[PDB]
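Novice: heads up, no residue letters with this:
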RNA sequence: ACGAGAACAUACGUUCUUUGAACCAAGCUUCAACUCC
């Protein structure tokens, strides 16, 4: 596509009233045995 | 006017009996439905 400068962009989401701008995919991890 | 003249090497008889093309062997391995507007 078109050529711009560094950096390009990131990708948050939108949900209203007001958009909250959360980043997609980030999660939490717990490991317990058996 | 022959050590000659006649005279079937012939008759009967299952290449047959017993026997697993078997045995052991993961269609599996690494693999983001993602990327950019």
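Specialist: Structure received. Numbering: from 1, shown residues only, chains lettered A, B, ... in the order given.
Novice: got the residues of chain A near RNA strand B?
Specialist: Within reach of RNA strand B by Cβ under 7 Å from any atom of the strand, chain A has these residues: A:1-2, A:8-9. (Each C-beta comes from the backbone N, C-alpha and C, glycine too.)
Novice: now chain A against RNA strand B: closest residue?
Specialist: Going by Cβ to the nearest atom of the strand, RNA strand B is nearest to residue A:1 of chain A, at 3.8 Å.
Novice: geometric centre of chain A: which residue is closest?
Specialist: By Cα atoms, centre = their mean, chain A has its centre lying nearest to residue A:23, at 1.8 Å.
Novice: got the contact list for that one?
Specialist: Contacts for residue A:23 (Cβ atoms under 8 Å, 6 or more residues apart in numbering) come out as A:10-13.
Novice: turn those into JSON lines, columns for distance to residue A:31, secondary structure and neighbour count.
Specialist: Formatted as JSON lines, the contacts of residue A:23 follow (distance: Cβ to Cβ, whole Å; DSSP: H, G, I helix; E, B strand; the rest coil; neighbours: other Cβ atoms under 10 Å):
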{"residue": "A:10", "distance to residue A:31": "29", "secondary structure": "coil", "neighbour count": "8"}
{"residue": "A:11", "distance to residue A:31": "28", "secondary structure": "coil", "neighbour count": "7"}
{"residue": "A:12", "distance to residue A:31": "28", "secondary structure": "strand", "neighbour count": "10"}
{"residue": "A:13", "distance to residue A:31": "28", "secondary structure": "coil", "neighbour count": "10"}
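Novice: now for those residues: which two are most distant?
Specialist: Greatest spacing in these, by Cβ to Cβ: A:10 and A:13 (11.1 Å).
Novice: so what's the residue nearest to the centre of chain A bridging to?
Specialist: Beta bridges link residue A:23 to residue A:12 when assigned by DSSP bridges.
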